[PDB]
Amino acid sequence: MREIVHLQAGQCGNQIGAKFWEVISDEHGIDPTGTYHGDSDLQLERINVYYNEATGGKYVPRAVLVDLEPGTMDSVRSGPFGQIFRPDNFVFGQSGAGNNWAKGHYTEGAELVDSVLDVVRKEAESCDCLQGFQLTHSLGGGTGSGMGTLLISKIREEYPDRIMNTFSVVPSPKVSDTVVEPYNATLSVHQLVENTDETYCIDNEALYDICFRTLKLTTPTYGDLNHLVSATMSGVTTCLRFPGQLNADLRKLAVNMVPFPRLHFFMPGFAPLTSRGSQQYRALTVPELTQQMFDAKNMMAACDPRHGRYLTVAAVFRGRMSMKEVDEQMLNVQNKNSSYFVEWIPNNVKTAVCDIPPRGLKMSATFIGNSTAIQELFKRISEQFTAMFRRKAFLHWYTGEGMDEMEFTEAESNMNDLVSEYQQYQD
Amino acid sequence: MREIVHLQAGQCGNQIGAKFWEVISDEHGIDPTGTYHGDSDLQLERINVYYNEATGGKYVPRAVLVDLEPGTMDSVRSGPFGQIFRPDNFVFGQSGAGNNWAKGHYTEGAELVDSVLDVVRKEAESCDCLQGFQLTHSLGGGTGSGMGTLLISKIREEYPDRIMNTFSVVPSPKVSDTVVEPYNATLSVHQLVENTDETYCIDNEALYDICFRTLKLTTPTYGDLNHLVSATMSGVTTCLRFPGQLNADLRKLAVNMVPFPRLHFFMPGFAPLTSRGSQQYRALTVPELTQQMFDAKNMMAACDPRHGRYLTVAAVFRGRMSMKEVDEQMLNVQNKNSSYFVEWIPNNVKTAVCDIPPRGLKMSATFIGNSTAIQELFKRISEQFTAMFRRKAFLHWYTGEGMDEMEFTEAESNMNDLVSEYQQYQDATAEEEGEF
Amino acid sequence: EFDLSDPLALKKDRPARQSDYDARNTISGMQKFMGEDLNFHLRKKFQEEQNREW
Amino acid sequence: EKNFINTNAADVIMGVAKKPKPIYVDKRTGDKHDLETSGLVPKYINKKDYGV
Amino acid sequence: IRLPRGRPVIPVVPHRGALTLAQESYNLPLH
Amino acid sequence: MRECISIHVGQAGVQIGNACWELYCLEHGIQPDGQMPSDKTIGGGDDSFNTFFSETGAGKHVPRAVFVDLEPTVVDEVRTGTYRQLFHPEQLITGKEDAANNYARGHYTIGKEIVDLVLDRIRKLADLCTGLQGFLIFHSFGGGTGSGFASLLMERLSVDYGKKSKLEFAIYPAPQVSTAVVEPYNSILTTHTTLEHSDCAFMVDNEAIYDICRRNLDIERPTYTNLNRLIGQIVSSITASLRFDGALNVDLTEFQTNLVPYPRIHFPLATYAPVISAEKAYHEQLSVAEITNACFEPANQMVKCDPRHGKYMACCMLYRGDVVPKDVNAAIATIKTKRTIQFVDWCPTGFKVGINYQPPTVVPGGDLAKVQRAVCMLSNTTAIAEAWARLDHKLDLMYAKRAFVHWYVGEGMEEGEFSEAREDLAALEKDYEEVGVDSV
Amino acid sequence: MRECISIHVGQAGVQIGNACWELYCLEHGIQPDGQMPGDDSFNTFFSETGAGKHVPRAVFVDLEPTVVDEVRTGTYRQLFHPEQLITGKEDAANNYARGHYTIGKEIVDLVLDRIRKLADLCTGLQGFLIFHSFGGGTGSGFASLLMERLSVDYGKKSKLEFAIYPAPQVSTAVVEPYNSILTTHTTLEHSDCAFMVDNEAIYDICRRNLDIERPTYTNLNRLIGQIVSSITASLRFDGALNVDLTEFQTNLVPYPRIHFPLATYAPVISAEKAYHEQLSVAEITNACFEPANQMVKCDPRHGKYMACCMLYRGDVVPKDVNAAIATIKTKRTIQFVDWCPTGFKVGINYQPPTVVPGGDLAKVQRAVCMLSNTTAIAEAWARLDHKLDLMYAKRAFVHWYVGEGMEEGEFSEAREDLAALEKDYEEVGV
Ligand SMILES: Nc1nc2c(ncn2[C@@H]2O[C@H](COP(=O)(O)OP(=O)(O)OP(=O)(O)O)[C@@H](O)[C@H]2O)c(=O)[nH]1
Ligand SMILES: Nc1nc2c(ncn2[C@@H]2O[C@H](COP(=O)(O)OP(=O)(O)OP(=O)(O)O)[C@@H](O)[C@H]2O)c(=O)[nH]1
Ligand SMILES: Nc1nc2c(ncn2[C@@H]2O[C@H](COP(=O)(O)OP(=O)(O)O)[C@@H](O)[C@H]2O)c(=O)[nH]1
Ligand SMILES: Nc1nc2c(ncn2[C@@H]2O[C@H](COP(=O)(O)OP(=O)(O)O)[C@@H](O)[C@H]2O)c(=O)[nH]1
Ligand SMILES: [Mg+2]
Ligand SMILES: [Mg+2]
């Protein structure tokens with residue numbers, strides 16, 4: 001019906017994709033070998049949105065797993081849910097990306113992109129009507145940030161009128177693990193500003209903040225961060241997989257989100273998140289969901305929304321609830337504080353309501369917020385970039401791959417004018 | 001329908017709040033885990049004034065717990081009602097205030113207050129129609145006085161038409177605890193005058209004298225004085241939670257006892273207090289209650305009312321009683337003592353009756369007294385402050401934190417302005433026009 | 001739709017998570033996380049005993 | 001050097017009152033709503049660009 | 001963190017303590 | 001065909017209307033559930049409930065009353081009480097936060113919110129009124145809701161209905177006891193705004209009813225229900241002509257013409273004559289002469305004003321029960337010969353009479369005795385100028401220092417309204433003096 | 001003889017029809033499977049076939065499948081013919097341009113074919129009943145194209161509009177002023193009478209009249225279905241005064257640009273409150289003119305009435321109607337314009353309104369559906385115009401509309417038309 005071809009590039013991309021596909025298999029009732037064993041007929045209705053059908057009643061994901069070195073996809077193949085992907089879609093290289101954007105964009109990813117485009121064409125034209133693709137990667141790496149942007153570009157000149165989603169993970173200055181990632185993040189956000197339709201900026205610092213102050217986890221690993229990302233990844237496309245009193249697919253959260261084509265950098269957020277010991281003091285109602293959902297700490301991007309004006313806000317509720325509860329909470333939020341919302345748009349909140357909740361849950365909701373406070377996620381990275389670039393810090397690893405130094409200049413200039421774009425509606 | 005967001009700052013505030021919430025929960029029928037277990041139906045109708053609804057019949061209080069030392073949170077969690085508080089509302093610091101008003105007001109209580117204001121705004125905007133706030137703290141402490149004054153100053157500028165009651169604890173003439181109590185005491189009164197609606201001064205020596213004379217307690221502890229404090233907090237708000245022949249909420253007491261905006265320092269007193277050996281020697285009648293209530297040896301502030309004049313007096317009664325007897329007793333106590341009531345106010349008594357007594361109690365009453373004998377409480381603090389500040393007794397623990405020397409001057413200037421204002425209203429000709 | 005307007009609906013409603021394990025704590029609910037280390041103190045004590053004998 | 005009776009009266013003699021915010025009660029329970037934002041009073045008819 | 005004590009009873013007053021001048025004197029007339 | 005709308009506003013109004021409507025239900029056959037116990041006639045049955053109760057299609061009678069309060073804890077007792085099924089749910093209006101002893105809350109900010117809801121409910125109740133006579137408003141002069149919102153109700157009703165009759169049942173401030181401090185401010189303001197929007201204003205004190213309950217009735221330590229039952233008996237004897245047979249019927253329009261001589265003096269005092277306990281009634285014959293003389297006793301008055309300190313201007317007398325008009329004639333002829341009872345020269349008549357054959361009803365639980373005769377006397381006397389002078393002095397003492405005016409000036413009411421309200425009642429003070437002097 | 005072809009567009013249209021056809025099938029003796037366990041009163045909505053199946057005269061249209069598939073898998077699946085329920089492939093996604101220029105052309109032909117095949121069975125075709133919403137993409141875009149195409153092949157045939165206005169305070173979308181301005185600019189010459197309801201007003205009505213706090217969209221759909229059943233009740237049941245569907249346009253629309261009357265269903269009370277209330281004709285007709293009972297959140301006291309068409313149900317005696325409207329004509333609250341000295345159109349039916357199991361409203365013997373054309377709607381047009389002028393000043397969200405083959409001048413020539421509409425609403429009150 002309305003199919004989504006899921007792509008992932010990189011280590012971080014593949015570990016998020018494993019969590020996401022197991023989460024969707026949880027939602028649609030798919031066992032670790034591929035078949036169906038659920039208890040409701042609603043789970044087979046739009047199961048072909050994410051899955052295909054083989055002989056013998058086997059459901060396979062519409063997934064394309066791309067990497068430049070075989071160990072990571074060997075790791076996801078041997079995981080708890082590695083037996084559900086068709087082994088054709090596993091594409092690897094031999095020499096790694098080396099945490100180098102130029103390698104993944106010119107040297108090693110360009111000689112791999114033809115087979116991956118072949119697989120993308122084979123899997124993306126079995127469907128009747130293709131809603132759009134979906135990419136998971138990070139901007140701080142080399143193969144997700146480098147070859148992933150190449151992948152977005154080549155599936156943009158071939159499928160112009162589709163939906164592009166990128167659940168990118170931009171780096172954080174406070175939690176930084178590679179000394180080169182300002183270059184990669186700048187050169188990838190140079191491409192993501194015009195090759196994507198929506199972009200969901202997620203920070204590892206914000207995920208660690210959530211796991212430390214909200215969930216009170218003793219030892220949060222990367223698996224819990226991928227779980228929190230896949231929560232919102234499943235929450236944004238729940239109305240075209242399940243019925244609802246007010247349906248809203250992926251395109252409706254784009255026309256009602258971006259006022260101008262250059263402003264599509266959002267920040268997700270999942271509302272019903274509770275600590276282990278604070279479970280019995282919680283009432284699962286709509287006001288408690290919407291006051292937790294709008295909180296500054298609950299954002300999955302490390303920018304404080306109280307420093308800027310909200311442009312437009314989504315809320316895709318799941319569960320069984322009345323409608324004026326939601327319609328009055330979203331009106332109360334806009335009425336209480338009129339200085340954090342822009343004045344040239346009368347209604348800044350879009351409501352989406354589904355019916356089927358997450359499994360074992362009474363009610364859930366997700367957040368998609370477009371704000372002018374996202375510019376400080378770009379000012380810090382641009383300042384680090386111009387700290388490194390003024391002395392040509394690590395440029396011999398990039399210029400030797402064959403890219404001119406003009407590319408960095410145009411990348412930082414477009415990051416600067418994106419910042420100045422997000423600044424003119426701050427006042 | 002008329003909710004009260006509770007606040008408690010410092011060790012004194014938290015130890016008072018634990019006993020206060022125990023008494024409220026015993027009144028409304030809440031077990032030490034949270035589930036309602038009452039017998040009648042009036043205990044569930046107005047439960048939302050102090051409580052919130054959670055799943056399964058469990059009720060979570062409206063309180064916010066603020067401190068700078070985690071040991072006090074450890075002690076307030078180890079009590080018989082430590083499980084009923086929501087774990088998110090516990091806000092603590094890492095380093096204690098050091099018994100310093102300046103530290104807890106400027107350096108350590110500055111960054112910590114943002115999370116406390118976050119809890120307050122989270123928990124106050126979920127109210128059907130909020131009435132106001134309460135605060136229990138001690139002005140002689142470090143985090144209590146400084147962070148409570150900061151909390152009140154920040155709260156009043158965001159909700160400028162609510163009710164801000166403070167059950168503050170004033171320092172001591174006779175037996176004190178700390179050396180630097182006069183500095184914090186004279187720096188806290190400045191904020192309470194401009195930023196509070198009602199201020200209740202509770203003195204520890206008056207409670208000690210009550211426990212030693214009226215109750216004959218062998219070992220009065222802090223959990224023993226906090227019972228009397230909790231009784232006078234619970235008796236004030238009894239008209240909101242239970243029906244009455246004559247109802248008076250916090251705003252009615254606000255209107256009746258405050259003739260001018262700067263004079264809102266009151267004098268609590270609880271009526272049915274009687275020792276264990278003399279329990280069977282009393283006949284519980286309304287004249288007994290009003291005879292003990294107006295007694296000079298029953299106030300919770302160490303300042304007798306014979307040394308001043310009664311500007312206005314409240315008497316909130318609980319239990320089934322007759323209105324004619326109450327009104328004639330107030331009449332008799334006004335007419336017998338003529339020189340102790342001001343003459344430019346004809347009737348100084350506000351009466352209120354609620355027909356539900358406290359649990360176990362049969363009749364009870366609460367004395368709220370606006371007297372001009374409260375000025376002598378400020379006189380002693382002013383004398384001790386002038387004894388200290390004349391030679392920089394301990395200023396290097398305040399000025400090094402960023403405070404100014406001139407900041408200590410405006411404190412006692414405004415405090416003595418309040419003293420002079422009370423003095424001028426004490427001796428005023430009732431039959432006199434004025435310049436205007 | 002009496003359930004959406006039941007005044008005592010919150011009284012008969014059960015918490016999202018009751019114990020450390022029951023049926024409706026599955027990974028699509030975001031209520032149970034693997035990073036919460038139940039049996040963490042026991043692992044530290046066992047490893048300390050191994051170090052002691054060594 | 002200030003008489004606190006003359007100035008306490010002068011602060012209410014040389015003053016102005018606080019004008020209330022118009023609020024209508026809709027139901028018998030006591031639910032209150034703002035009057036200006038809800039479409040009951042005529043507000044946007046008096047705009048400068050009406051009909052032009 | 002376990003519960004320390006059983007909380008001695010302190011029951012309500014037998015005859016008063018639950019009637020609020022409208023439960024009494026405003027019942028069924030029924031003389 | 002004789003319907004009157006009772007508008008109870010405030011805690012005093014609601015608690016008075018509780019006893020009033022209990023006695024209205026008990027006087028007719030209406031159960032607390034709003035249904036008759038049976039239909040003894042095949043198709044007949046008296047329609048005498050039409051003054052107070054509106055019958056639906058099947059069998060249920062609904063009161064023609066509006067209960068207004070700004071605090072939920074007084075109306076919620078009626079809402080969950082015995083007469084819960086009797087009242088229509090939308091007839092009990094309730095605010096969220098109360099006026100709290102302040103006239104400004106009830107007149108400018110808080111009471112101006114629910115005024116539309118009460119006006120539409122009043123219009124809906126007046127729509128079923130076939131022969132509507134006038135409104136009866138119960139409030140108190142000392143509260144915030146009962147002083148401000150009742151005045152706002154008169155304010156709106158004069159605009160929306162014109163010259164329709166509206167009688168008051170006020171609770172006047174007592175001269176020595178009170179339950180508030182800012183009571184004189186509310187009294188002066190709500191007298192000033194309703195000096196002219198009220199056709200009549202029957203007032204009773206609370207200390208005077210305490211004295212009557214102590215002295216005439218045998219009971220000590222009384223509660224508010226004992227006062228409310230007496231006020232309900234007064235309001236039943238006022239409206240007894242509309243529902244029961246009468247030798248001389250007294251319409252509600254007759255009170256303003258036979259009791260208000262001049263366009264501002266409309267404050268008569270009420271008194272109920274044979275208010276005695278059962279064992280005092282056992283030893284006493286209660287003939288028309290005795291209970292006519294007992295109305296003019298200074299101790300038996302329900303307002304704390306000595307009638308010997310002033311001059312009677314007009315008297316309206318309502319009789320109930322086994323009453324011969326011959327004895328009424330003789331008893332009123334005897335009173336005019338007395339010297340301790342003095343009248344004004346320009347009113348040689350001074351009396352309006354009304355006799356109703358219905359004896360007063362005995363509510364169970366009340367302390368009043370079953371009597372065959374009763375008089376509810378409404379007397380307008382010049383002796384009330386003592387009470388206005390004492391209220392004048394009590395306002396004066398506080399207004400000299402401008403105490404408590406920050407609570408009023410900070411809520412949309414200017415200071416000047418005190419200066420003109422006090423000036424207007426200071427005019428009314430000598431307005432009473434001009435009608436007390438004899439022309440020679 | 002008296003057929004009526006219903007058309008439901010969008011999610012709002014399908015969910016409204018799911019209650020309307022529930023009420024229709026329960027009104028007659030029609031089971032969910034289409035059989036009847038004989039009178040022929042159902043021909044206004046049902047056409048009988050050779051197999052004994054009563055097929056509704058409705059065309060359920062949407063551009064998104066998963067709101068029509070619940071008709072296909074629900075409890076009323078056997079009742080509906082397969083070609084009636086028509087779905088697209090991609091939704092317009094809150095875009096007028098997508099539903100009017102790109103996606104609507106693929107489905108307009110098939111919907112026109114089903115409309116024509118449904119109109120061959122109608123010997124006495126009266127009019128089309130259209131249900132849609134102004135805020136949506138399909139319901140604002142494809143429905144307007146449906147009017148533009150239906151006005152050519154038929155012409156003078158009656159068309160009735162049952163549209164959902166944008167709410168005053170709440171709004172579930174962002175670009176819904178753009179959708180509203182365009183479907184109001186282009187429907188003006190292609191709609192005979194546009195009945196207006198508002199979601200927030202019905203929200204308040206079920207909050208304060210019924211005791212159901214927190215209703216969902218289903219209760220609103222049931223109230224709208226009750227209004228629609230009262231509107232066409234004279235075609236199926238005996239009445240003292242019968243009202244045809246072409247009388248509404250003649251007695252409610254003074255000028256062709258002004259065809260936006262209001263809705264009001266009078267005795268909408270709960271079963272707890274019906275015990276203490278007699279529900280006579282005067283009481284319900286007085287509750288009609290109370291602004292707390294209007295289904296559009298506006299105050300009619302701040303304007304002048306233009307006309308009034310008002311209907312009756314159940315045991316209604318005409319002299320009570322006479323005196324009850326004579327009372328309303330004497331109230332200073334209610335005012336009419338200079339050029340309408342007559343004011344009222346009256347209809348009386350005999351069928352009491354039908355109850356639904358598990359419903360909200362109580363079983364009553366009398367009911368009134370009042371249709372008022374008032375000048376007080378001019379506060380809504382000015383406010384929607386201001387909400388547009390906030391956004392169109394900085395050219396917000398225009399790029400999502402020029403992509404689907406609409407030039408930039410369409411917004412401007414819409415704003416010109418409804419500036420003229422506001423001028424017409426002001427200039428007739430003089
Ligand atoms: N006779 C009688 N008087 C009452 C009763 N209750 C209150 N009052 C009088 O009412 C005055 C105070 O006003 P209240 O009725 O208590 O309250 P209110 O009129 O609603 O004013 P607010 O409380 O400010 O809203 C007191 O001075 C009492 O004398 C009652 O039950 N019977
Ligand atoms: N009053 C009322 N409005 C409804 C109902 N269902 C949907 N709506 C309205 O429908 C509008 C949005 O349109 P949709 O429901 O999405 O239907 P649509 O016209 O097909 O729009 P798209 O799905 O985007 O093509 C909102 O403004 C809702 O107010 C309902 O049951 N009652
Ligand atoms: N959320 C998340 N981020 C990860 C994970 N593993 C690595 N990263 C981030 O990815 C960035 C480096 O990218 P990398 O793991 O090498 O992916 P690759 O370069 O595309 O193969 C670092 O900044 C990490 O923070 C993971 O499991 N989850
Ligand atoms: N009366 C009384 N006084 C107390 C109680 N707890 C603490 N205090 C007083 O509070 C003062 C210490 O202030 P404290 O709150 O501990 O300082 P802080 O923690 O820095 O705010 C001492 O003088 C104590 O006498 C109590 O339960 N009752
Ligand atoms: Mg009151
Ligand atoms: Mg649609």
# chains A, B, ... in the order shown; residues from 1 in each chain; ligands from 1
$ interface_residues --of "chain B" --to "chain E" --cutoff "9 Å" --atoms "only C-alpha atoms" --output "list in words"
residues 26, 31, 32, 33, 40, 41, 42, 77, 78, 79, 80, 81, 83, 242, 243, 244, 245, 319, 320, 354, 355, 356, 357, 358, 359, 360, 361 and 362 of chain B
$ residues_near_ligand --ligand "ligand 4" --cutoff "6 Å" --atoms "only C-alpha atoms and all ligand atoms" --output "list in words"
residues 10, 11, 12, 15, 16, 97, 99, 138, 140, 141, 142, 143, 144, 177, 204, 222, 225 and 226 of chain B
$ write_last_selection --atoms "N, CA, C and O atoms" --output "PDB file, in the first residue's frame"
ATOM      1  N   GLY B  10      14.736  23.438  54.238  1.00  0.00           N
ATOM      2  CA  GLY B  10      15.583  23.291  55.400  1.00  0.00           C
ATOM      3  C   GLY B  10      15.169  22.136  56.291  1.00  0.00           C
ATOM      4  O   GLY B  10      14.134  21.488  56.108  1.00  0.00           O
ATOM      5  N   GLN B  11      16.019  21.879  57.290  1.00  0.00           N
ATOM      6  CA  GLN B  11      15.773  20.786  58.223  1.00  0.00           C
ATOM      7  C   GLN B  11      14.543  21.050  59.079  1.00  0.00           C
ATOM      8  O   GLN B  11      13.732  20.143  59.301  1.00  0.00           O
ATOM      9  N   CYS B  12      14.390  22.286  59.566  1.00  0.00           N
ATOM     10  CA  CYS B  12      13.214  22.646  60.350  1.00  0.00           C
ATOM     11  C   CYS B  12      11.943  22.509  59.525  1.00  0.00           C
ATOM     12  O   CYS B  12      10.940  21.959  59.998  1.00  0.00           O
ATOM     13  N   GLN B  15      11.246  18.648  58.920  1.00  0.00           N
ATOM     14  CA  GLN B  15      10.770  17.974  60.123  1.00  0.00           C
ATOM     15  C   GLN B  15       9.386  18.464  60.531  1.00  0.00           C
ATOM     16  O   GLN B  15       8.613  17.702  61.122  1.00  0.00           O
ATOM     17  N   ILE B  16       9.055  19.725  60.235  1.00  0.00           N
ATOM     18  CA  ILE B  16       7.693  20.202  60.456  1.00  0.00           C
ATOM     19  C   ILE B  16       6.739  19.576  59.442  1.00  0.00           C
ATOM     20  O   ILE B  16       5.636  19.134  59.795  1.00  0.00           O
ATOM     21  N   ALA B  97      24.583  24.489  53.224  1.00  0.00           N
ATOM     22  CA  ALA B  97      24.706  25.943  53.222  1.00  0.00           C
ATOM     23  C   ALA B  97      25.690  26.464  54.259  1.00  0.00           C
ATOM     24  O   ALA B  97      26.060  27.641  54.194  1.00  0.00           O
ATOM     25  N   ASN B  99      25.181  26.983  57.442  1.00  0.00           N
ATOM     26  CA  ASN B  99      24.457  27.904  58.325  1.00  0.00           C
ATOM     27  C   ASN B  99      24.708  29.357  57.932  1.00  0.00           C
ATOM     28  O   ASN B  99      24.903  30.229  58.780  1.00  0.00           O
ATOM     29  N   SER B 138      12.784  28.012  58.862  1.00  0.00           N
ATOM     30  CA  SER B 138      13.324  28.683  60.034  1.00  0.00           C
ATOM     31  C   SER B 138      14.246  29.799  59.573  1.00  0.00           C
ATOM     32  O   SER B 138      15.124  29.575  58.735  1.00  0.00           O
ATOM     33  N   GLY B 140      16.522  31.280  61.284  1.00  0.00           N
ATOM     34  CA  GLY B 140      17.843  31.216  61.872  1.00  0.00           C
ATOM     35  C   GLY B 140      18.773  30.258  61.157  1.00  0.00           C
ATOM     36  O   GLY B 140      19.987  30.278  61.377  1.00  0.00           O
ATOM     37  N   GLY B 141      18.211  29.415  60.294  1.00  0.00           N
ATOM     38  CA  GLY B 141      18.994  28.440  59.568  1.00  0.00           C
ATOM     39  C   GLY B 141      19.682  29.030  58.354  1.00  0.00           C
ATOM     40  O   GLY B 141      19.548  30.209  58.026  1.00  0.00           O
ATOM     41  N   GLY B 142      20.446  28.178  57.673  1.00  0.00           N
ATOM     42  CA  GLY B 142      21.177  28.623  56.505  1.00  0.00           C
ATOM     43  C   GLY B 142      20.441  28.435  55.196  1.00  0.00           C
ATOM     44  O   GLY B 142      20.204  29.410  54.477  1.00  0.00           O
ATOM     45  N   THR B 143      20.051  27.198  54.872  1.00  0.00           N
ATOM     46  CA  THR B 143      19.325  26.986  53.625  1.00  0.00           C
ATOM     47  C   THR B 143      17.854  27.344  53.754  1.00  0.00           C
ATOM     48  O   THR B 143      17.257  27.818  52.780  1.00  0.00           O
ATOM     49  N   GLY B 144      17.274  27.141  54.938  1.00  0.00           N
ATOM     50  CA  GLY B 144      15.889  27.467  55.203  1.00  0.00           C
ATOM     51  C   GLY B 144      15.582  28.920  54.930  1.00  0.00           C
ATOM     52  O   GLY B 144      14.817  29.217  54.012  1.00  0.00           O
ATOM     53  N   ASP B 177      20.485  28.433  69.235  1.00  0.00           N
ATOM     54  CA  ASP B 177      21.236  27.316  68.680  1.00  0.00           C
ATOM     55  C   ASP B 177      22.532  27.750  68.018  1.00  0.00           C
ATOM     56  O   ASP B 177      23.576  27.133  68.240  1.00  0.00           O
ATOM     57  N   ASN B 204      10.487  28.694  69.374  1.00  0.00           N
ATOM     58  CA  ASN B 204      10.747  27.380  69.953  1.00  0.00           C
ATOM     59  C   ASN B 204      10.644  27.398  71.475  1.00  0.00           C
ATOM     60  O   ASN B 204      10.266  26.386  72.075  1.00  0.00           O
ATOM     61  N   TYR B 222      11.796  17.330  69.153  1.00  0.00           N
ATOM     62  CA  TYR B 222      11.354  18.118  68.007  1.00  0.00           C
ATOM     63  C   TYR B 222      10.065  17.558  67.423  1.00  0.00           C
ATOM     64  O   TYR B 222       9.190  18.317  66.989  1.00  0.00           O
ATOM     65  N   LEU B 225       7.185  19.248  69.582  1.00  0.00           N
ATOM     66  CA  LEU B 225       6.788  20.608  69.234  1.00  0.00           C
ATOM     67  C   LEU B 225       6.175  20.664  67.842  1.00  0.00           C
ATOM     68  O   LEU B 225       5.279  21.485  67.577  1.00  0.00           O
ATOM     69  N   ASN B 226       6.651  19.803  66.938  1.00  0.00           N
ATOM     70  CA  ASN B 226       6.108  19.775  65.590  1.00  0.00           C
ATOM     71  C   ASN B 226       4.672  19.280  65.553  1.00  0.00           C
ATOM     72  O   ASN B 226       3.957  19.600  64.604  1.00  0.00           O
TER      73      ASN B 226
END
$ closest_atom_pairs --of "chain A" --to "ligand 3" --cutoff "8 Å" --atoms "only C-alpha atoms and all ligand atoms" --output "tab-separated table"
residue	atom	partner	partner_atom_place_in_ligand_line	distance
A:9	CA	ligand 3	20 (O)	6.1
A:10	CA	ligand 3	20 (O)	3.3
A:11	CA	ligand 3	21 (O)	4.1
A:12	CA	ligand 3	5 (C)	4.0
A:13	CA	ligand 3	20 (O)	6.7
A:15	CA	ligand 3	27 (O)	5.2
A:16	CA	ligand 3	28 (N)	6.2
A:67	CA	ligand 3	21 (O)	7.0
A:68	CA	ligand 3	21 (O)	7.7
A:97	CA	ligand 3	19 (O)	6.9
A:98	CA	ligand 3	19 (O)	7.7
A:99	CA	ligand 3	19 (O)	5.6
A:137	CA	ligand 3	20 (O)	6.4
A:138	CA	ligand 3	10 (O)	5.7
A:139	CA	ligand 3	11 (C)	7.3
A:140	CA	ligand 3	11 (C)	4.9
A:141	CA	ligand 3	19 (O)	3.3
A:142	CA	ligand 3	19 (O)	4.1
A:143	CA	ligand 3	20 (O)	4.2
A:144	CA	ligand 3	20 (O)	3.6
A:145	CA	ligand 3	20 (O)	6.1
A:146	CA	ligand 3	20 (O)	7.9
A:169	CA	ligand 3	1 (N)	6.8
A:170	CA	ligand 3	23 (O)	7.8
A:171	CA	ligand 3	23 (O)	5.7
A:172	CA	ligand 3	23 (O)	8.0
A:175	CA	ligand 3	25 (O)	7.7
A:176	CA	ligand 3	23 (O)	6.3
A:177	CA	ligand 3	23 (O)	5.7
A:178	CA	ligand 3	23 (O)	6.6
A:181	CA	ligand 3	23 (O)	7.6
A:203	CA	ligand 3	1 (N)	7.9
A:204	CA	ligand 3	1 (N)	6.1
A:222	CA	ligand 3	27 (O)	4.5
A:223	CA	ligand 3	27 (O)	6.2
A:225	CA	ligand 3	1 (N)	5.5
A:226	CA	ligand 3	1 (N)	5.4
A:229	CA	ligand 3	1 (N)	7.4
$ residues_near_ligand --ligand "ligand 1" --cutoff "8 Å" --atoms "only C-alpha atoms and all ligand atoms" --output "number ranges by chain"
B: 245-248, 252; F: 9-16, 69-71, 98-103, 106, 139-147, 171-173, 178-180, 183, 205-206, 224-225, 227-228, 231
$ interface_residues --of "chain G" --to "chain D" --cutoff "10 Å" --atoms "only C-alpha atoms" --output "PyMOL selection string"
chain G and resi 167-169+204+207-209+291-292+296-303+376+378-386+415-427
